[PDB]
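S.K.: Have a look at the structure that comes next, please.
Nothing in this text is a laboratory measurement; each read-out follows from the coordinates by a stated rule. Here the Cβ is made from the backbone with ideal geometry for all residues, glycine too, and neighbour counts use every protein chain on show.
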Amino acid sequence: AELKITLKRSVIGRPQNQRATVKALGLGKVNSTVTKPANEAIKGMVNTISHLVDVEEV
Amino acid sequence: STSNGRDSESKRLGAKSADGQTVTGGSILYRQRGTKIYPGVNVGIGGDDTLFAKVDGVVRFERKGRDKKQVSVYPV
Amino acid sequence: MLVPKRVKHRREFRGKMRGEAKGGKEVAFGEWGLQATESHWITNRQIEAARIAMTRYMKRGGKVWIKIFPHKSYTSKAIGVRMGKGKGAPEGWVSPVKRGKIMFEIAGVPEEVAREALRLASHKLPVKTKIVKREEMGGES
RNA sequence: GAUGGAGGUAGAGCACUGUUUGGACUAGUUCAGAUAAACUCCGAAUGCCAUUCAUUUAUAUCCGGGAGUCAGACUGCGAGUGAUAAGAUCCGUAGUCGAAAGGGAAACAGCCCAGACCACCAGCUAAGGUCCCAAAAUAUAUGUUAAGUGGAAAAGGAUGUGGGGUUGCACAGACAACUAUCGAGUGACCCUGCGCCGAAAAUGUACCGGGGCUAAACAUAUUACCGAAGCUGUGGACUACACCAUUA
RNA sequence: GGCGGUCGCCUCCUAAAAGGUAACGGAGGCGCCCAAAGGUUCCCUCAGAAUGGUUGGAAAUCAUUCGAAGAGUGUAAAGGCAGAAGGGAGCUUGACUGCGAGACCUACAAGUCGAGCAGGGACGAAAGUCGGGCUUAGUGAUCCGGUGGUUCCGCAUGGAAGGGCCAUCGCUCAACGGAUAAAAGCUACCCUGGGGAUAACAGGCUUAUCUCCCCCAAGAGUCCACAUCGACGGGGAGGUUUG
RNA sequence: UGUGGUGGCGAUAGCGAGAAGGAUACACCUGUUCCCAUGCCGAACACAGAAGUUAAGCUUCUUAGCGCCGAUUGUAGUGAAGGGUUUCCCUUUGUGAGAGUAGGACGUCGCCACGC
């Protein structure tokens, strides 16, 4: 259905596709959140970013 | 004091259009030495083995029997 | 010293061992083996030194199988010469050995002579080793 | 993300070309076993090219005015030259520095965390830490080490200690000791945690930052707290865009 | 820095499975050749081995049976090729003229492939194939000059002299994107501007080498490996030596 | 149905061993006058035929010795994310071979002609 996605780490020191994935979701600064639908594409973005992010099934 | 040290310019060989891409008449599909790939429906061979379209359509890389490959172009 | 007759290329690259033996990790022709537990280069002179030591101890012969061959050459430059021009001249032959490889085999002689001979061969070599026998298959005599 | 595709690398293999060990044999082919950068019967992960495709997001292309740059450096990773030496040299790929302040690493361009519009004698965390210097646990349970190991170094050597296995000989009497008895055990092997020797340089201890430590060390778990110019709280400045009724 | 080598172009490895990618890194070729070794129509199938046979031998030339390629492909190597691009025979000159939708490569200038249209042809009964050769090296801007063509211009007019346009020729301009038509040395006798962008002592990093310390132990030591010495081999420390 | 012809599909379609068969058809076989031919040869190719025969090709059927098509689960490698000395090695998460095997397999789909 939906997922709350909060940014817990920084993007300094990471490669470019991970930066651009954080941008494609609409996450700006540390501890800013976002809510998205549950898809197979959004889950792929979350799986690319998992080490930087917390996710809660909402 | 070595007697090596020379090379020739790279030639940019390979595939120049993709599977499933639409293409206009005359566009190059593949640059090679000898027939690694063969010409198929609506495709020609040049003087130095380059493969080209004759007609506008989609590109499809296929298998020619047991051990060879083919390119064809199919109009809509 | 073992030397390959007739190489195809005079110089070559060196790397990149990254240990784990690809080939003979079991005893094939003898009763007892000498298995390397580290990975290193092994030269002509080290093999001949080990072989001479191993055979001298076995009065009444027996048999010995050398299962490691130096295929790859060295090169080196000389003292007093600045960096720069092409590779040096080849000086030596070596075989890369990776951990797991059995390197010698002995038969026709009871345990203690075989064990002493394999003990004397290992002090001539730059690797850590174990001693192994033929263990268990459909047929091992 | 899904679908199709081009291509011979990391494997590993010996059908082809080089290199190679044993055995049977005979003309007077065979059975096994290896190996490769310019070998291949085979062959990934990833990257790359597409699509009237999907979900989020805000860029991309075209014309014109003005530039600056053409000495880079270190650190992962993968290759060559070198001796698989160099804070060496030359390429590929990612980051930081350059042009980046703030916390940690004693001091430290490039490592670890994190990007400073401004005010506060407010709060929560990151990396890293909590006996004193110096903010926070002389935390909790169970073990190991005696060497100041922790807090520089190898081949090899040894009845140092913890744990798990395989067995020879034992009250129809064991090993050791005593001549010519004794009244419990005694040898020999394997893998494994942590320690010991091997260990000698020039102004003064002199790689724990110091004091000092038998835990304030090491292993496995568990919960509190400290900790930044990161995030939050209250207020102010400037910009954009949506709202709004003209008043912006 | 000098001395030595190299300077354009082609093929492979390096090169990390698209394309691209350095080094005074590892290996080789080119500066042409063919009037058929080009086009087209018919037809054909290789290298070896074994068996016999007079000279004739291992091996010239005959016959049979196995033989997916272990041969050939003008020339280097890679990729291709036995529905041949390999090998024979007949006829021929398409090794044509005007061109060109669209692609590839690419800083520029250049380089590469091209279906199809028109004129007039070769081979073949046709269908058809043919704008050199299995593919990729065999080449050099512009200025200036020579030869042939021309329904172009021509300083009052008609001519001429001279020029333009089209086709072709003259390069080891090889330092091969080519300075000028034309070019070598000495300075301890020296001068100015820059650079620790660059060489020498000392420092730093590294330890091949060097000095020292060891492990194993064949042996020597009358006997006896270890009183003393220690072959073939293996592992470290030091920062005084040559680098 | 049987046989002749001509086609698709990766040899799971092939190779070797073995059997059988002449109804039409297919072949071998017989000849060189005439169209054509041999770098010698009517061997081949070309033509005229129809005595002879299923021996060879061909067709059908049996056979898993050689080839071919091969899973599963285990390893080797390797995207991401981390840790020791950093020559090399290790732990999570995702992907996953080449070998080696269980099995498959002695074809399958279609048009025309003639005969039963």
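S.K.: Normalising by the residue count of chain A, find the relative contact order in percent from Cα pairs under 8 Å and 6+ residues apart.
M.R.: Answer for chain A is 58 percent.
S.K.: While we're here: Could you give the angle, 0 to 90 degrees to the nearest 10, between helix C:44-56's Cα long axis and the longest principal axis of the Cα atoms of chain C?
M.R.: It works out to around 20 degrees.
S.K.: Turning to a different aspect of this structure: Which of the trypsin sites (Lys or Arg not before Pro) found in chain A are in a DSSP loop and have at most 12 neighbouring Cβ atoms, other than their own, within 10 Å?
M.R.: A:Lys8, A:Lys29
S.K.: Rounded, prolate or oblate, given the Cα gyration tensor of chain C, with a/c below 1.5 counting as rounded?
M.R.: Note, shape of chain C comes out prolate.
S.K.: For chain C, with a Gaussian network of springs between Cα atoms less than 10 Å apart, report the residue from C:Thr55, C:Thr43, C:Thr75 with the top mean-square fluctuation.
M.R.: C:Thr75
S.K.: Right, another one. Rounded to the nearest 20 debye, what is the charge dipole size of the protein assembly as shown about its Cα centre when +1 sits on each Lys and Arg Cβ and -1 on each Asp and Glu Cβ?
M.R.: 1360
S.K.: Okay, next question. Is the shape of the stretch B:14-74 best called rounded, prolate or oblate, per the rule: a/c under 1.5 gives rounded, else a/b larger than b/c gives prolate, else oblate, with a ≥ b ≥ c the square roots of the Cα gyration tensor eigenvalues?
M.R.: It is oblate, given that a/c is not under 1.5 and a/b is not larger than b/c.
S.K.: Set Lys and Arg Cβ to +1 and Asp and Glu Cβ to -1, take the dipole of the stretch B:14-74 about its Cα centre, and tell me which of B:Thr50, B:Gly34, B:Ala18 lies farthest positive.
M.R.: So the residue we want is B:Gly34.
S.K.: Another question, if that's okay. Classify the protein assembly as shown: rounded, prolate or oblate, from the alpha-carbon gyration tensor (a ≥ b ≥ c, eigenvalue square roots; a/c under 1.5 rounded; otherwise prolate if a/b is larger than b/c)?
M.R.: Prolate shape, in that a/c is at least 1.5 and a/b is the bigger ratio.
S.K.: Could I ask something else about it? Dipole of the stretch C:79-141, Cα-centred, from +1 at each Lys and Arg C-beta and -1 at each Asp and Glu C-beta, to the nearest 20 debye?
M.R.: Around 680 debye, computed over the stretch C:79-141.
S.K.: Test of understanding: in a Gaussian network model of chain C with alpha carbons linked when under 10 Å, which of C:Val81, C:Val64, C:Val109 would top the mean-square fluctuation ranking?
M.R.: Result: C:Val81 has the largest fluctuation of those listed.
S.K.: Loop sites only, by DSSP: take the trypsin sites (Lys or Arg not before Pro) in chain C that have at most 10 other C-beta atoms within 10 Å and name the longest stretch containing none of them.
M.R.: C:86-141
S.K.: Also: Along the charge dipole of chain A, Cβ charges K/R +1 and D/E -1, which of A:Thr33, A:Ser50, A:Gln16 sits furthest on the positive end?
M.R.: Of the candidates, A:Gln16 comes out farthest on the positive side.
S.K.: For chain A, what is the Kirkwood estimate of the hydrodynamic radius, computed as the reciprocal of the mean inverse distance between distinct Cα atoms, to one decimal in Å?
M.R.: Every distinct Cα pair counted, the radius reaches 11.3 Å.
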